[PDB]
């Protein structure tokens, strides 16, 4: 879904110039979990 | 400064999620379609989230006496601390 942008993003924030793949994906899942939460909470407010 | 500081900043400056996926992810939850603005706003907020997780994990990796790249154990530990501080949902 968004692995490269996430890799530059993690680098831009202070991680190694070339992060680990297993970390990039855990992050993806967290971003997805995150957007889903905001969405559902925004739907209410 | 170093080529790296410069390149680390460039990346930071322009890193960004593809609108297409953000939009399909959101619409596939509201059923209804969504606006340009909603997708951009959602991307800005998610970038900040990403920022807080990496910045927090970098701290854990630093305190456990380790060096980057960030490992999975760093991300999940960071997530637990952020939730305690109640700063991330």
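Protein chains in written order, with the entry's author numbering: chain A, 31 to 75; chain B, 113 to 201. For each residue, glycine too, the CB sits at the ideal point set by N, CA and C.
Could you pull the start and end residues of the alpha helix (DSSP H) that residue i belongs to?
| i | result |
| --- | --- |
| residue 66/A | 51–74 |
| residue 178/B | Element bounds for residue 178/B: n/a, residue is neither H nor E. |
| residue 132/B | 131–142 |
| residue 34/A | 33–42 |
| residue 119/B | 115–126 |
For chain D, is any of its Cβ atoms less than 8 Å away from the one on residue i?
| i | result |
| --- | --- |
| residue 53/A | No chain D appears in this structure, whose protein chains are A and B. |
Enumerate in chain order the residues of its own chain whose CB-to-CB distance from residue i is below 7 Å, with the five nearest sequence positions on each side excluded.
| i | result |
| --- | --- |
| residue 47/A | 41 |
| residue 135/B | 146 and 151 |
Excluding sequence positions up to five away, which residues of its chain have a Cβ less than 8 Å from the Cβ of residue i?
| i | result |
| --- | --- |
| residue 164/B | 194, 199 and 200 |
| residue 36/A | 54, 57, 58 and 61 |
My assumption, with CB atoms under 8 Å, is that residue i sits in contact with residue j. Please give the rounded CB distance.
| i | j | result |
| --- | --- | --- |
| residue 159/B | residue 39/A | 7 Å |
| query | Got a sec: which bits of the stretch 53–67 of chain A sit with their beta carbon under 8 Å from any beta carbon on chain B, in order along the chain? | reply | Contact residues of the stretch 53–67 of chain A toward chain B are 53, 56, 57, 60, 61, 62, 64, 65, 66 and 67 (C-beta to C-beta distance below 8 Å).
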